[PDB]
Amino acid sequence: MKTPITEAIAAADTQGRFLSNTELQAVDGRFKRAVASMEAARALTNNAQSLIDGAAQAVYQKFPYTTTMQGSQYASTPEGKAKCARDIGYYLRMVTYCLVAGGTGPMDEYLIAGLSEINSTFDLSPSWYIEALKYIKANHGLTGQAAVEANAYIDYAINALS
């Protein structure tokens, strides 16, 4: 799993070297940024629901055809809406995981890998999840370097979907 610490260790092991001051100043950017990171993770975890709902509605208002069109991919049935809220929750939870680990590792390994194949197989439009992520980024209520972390990883997701 990609993290600053694992990236440093992998860097030192790839060339049969002990650790050096370089890797330690890296892990130091990690530990220092962990305060803002942790703050953002706590805040997002505390207001996860209100916001998965804000966001699901952002999607349904932006793309109304997804609440009326016939198809197992669309949210025109209770099961569809359930799947959608589920997936938005997955994205948010992944963001919190990245904030806790200090890197994109969790989102890379648990979500991004195989995303294109899934969206293509199940006829899921990226634009939907991009809209949800834009909503979350706009209404997570964070200020300062916490908002910088949250927005960093959310935008990472959006770029993965673009």
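So that there is no doubt, residue numbering starts at 1 and follows the sequence shown.
Here 141-149 and 15-23 are compared by their mean Cα B-factor, and 15-23 comes out higher.
The mean Cα B-factor in the deposited entry runs higher for 111-119 than for the other of 111-119 and 92-100. For the set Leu124, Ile130, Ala48, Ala34, the maximum C-alpha B-factor listed in the entry falls on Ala34. In the PDB entry, the Cα temperature factor peaks, among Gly29, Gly105, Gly54, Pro64, at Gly54. When the modelled residues of the chain are ordered by C-alpha B-factor, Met1 sits in the highest third. Compared with the other modelled residues of the chain, the Cα B-factor recorded for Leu44 ranks in the highest third. Sort the chain's modelled residues by C-alpha temperature factor and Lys81 lands in the highest third, per the entry. Ranked within its chain, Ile136 lands in the lowest third, by CA B factor from the PDB record.
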